[PDB]
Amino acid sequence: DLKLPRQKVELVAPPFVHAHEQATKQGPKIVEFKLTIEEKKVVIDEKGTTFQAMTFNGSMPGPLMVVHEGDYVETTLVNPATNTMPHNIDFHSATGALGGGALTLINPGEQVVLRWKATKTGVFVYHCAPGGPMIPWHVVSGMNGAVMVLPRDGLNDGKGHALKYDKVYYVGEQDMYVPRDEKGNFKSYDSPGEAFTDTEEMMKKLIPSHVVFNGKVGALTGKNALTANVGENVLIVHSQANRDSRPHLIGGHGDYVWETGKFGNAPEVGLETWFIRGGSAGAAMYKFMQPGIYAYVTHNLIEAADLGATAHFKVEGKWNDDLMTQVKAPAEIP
């Protein structure tokens, strides 16, 4: 019925994003994506705490999918027989059938193919949502990512000027609920099913044990710091499928920010901290002015420093003494 050109995308693991055009002369296409569910025990902190994760494509978050307004997104969702539970997918970008969830419930050993038209621009969450109490559990176990639906003319500032990024990163924040035993040590479990009772009891108290970017404390640090150069315009897409977050670039700003994440609305300018509503993605762009280390955090600083929610940028370039200078180094008080 639908006779449009087909284009396959090779998804890449976060925080990177598959290659795409911003402004495009292409017309609508059917863009084809594949997600393969993986349930797996992973390590989430530098002390070796383990977690029963459930993921799209083996990562937390799931990969960022990028399309343009009016494209048709055709996803093959695969639930291999090596998994234990049914799963599905719900796209906040899509219209009808609970975002697709009512059409994609698959048991281990099955796959399904869903197509939806990208009628709404912005960044959007996608997540598993099998039904009932399983919905929060699968999401907070890691089964969420995001999609970005660009205008065909690319981004603008609302005020007819184009806003072109040099690079884009996707920072998926995950609230995790790991129960503790009587000693006060984090518990380990042999299966997601076995983790369920204790994990649900903790979840209902609403306080996470960990809040992490890219699946683990320190994931986006050291060798895996985010990078930029002075003069580069970087777009940071930030999602949180269950709980609020308040992103902040320490030493920088959000030059243009869509905190509700939707490109039909003009961005706000010159923010210090912005707010990602639980169940949403937002986006912020910043042109780096200074070299050095920056930290990208949620600005609940307890969560950032003590629960895991800190990434770093390492930025190359020349220091600008007009913008900031140490007039007098630390010295004894006169």
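In this text, residue numbers run from 1 along the sequence as written.
Averaged over Cα atoms, the B-factor as recorded in the entry is higher for 183-191 than for the other of 183-191 and 249-257. Taking the mean C-alpha B-factor of each stretch as recorded, 33-41 and 276-284 are not equal, and the higher mean is that of 33-41. Highest C-alpha temperature factor among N242, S141, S239, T82 per the entry: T82. Comparing the C-alpha B-factors of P208, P133, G122, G172 in the entry, the top value falls on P133. When the modelled residues of the chain are ordered by their C-alpha B factor, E268 lands in the lowest third.
Annotation for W319: C-alpha temperature factor in the highest third relative to the rest of the modelled chain, per the entry. Split the chain's modelled residues into thirds by C-alpha temperature factor. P291 is in the middle one. In this PDB entry, the Cα temperature factor of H299 sits in the bottom third of its chain's modelled residues, the lowest group. Ranked by C-alpha B-factor against the other modelled residues of its chain, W116 falls in the middle third.
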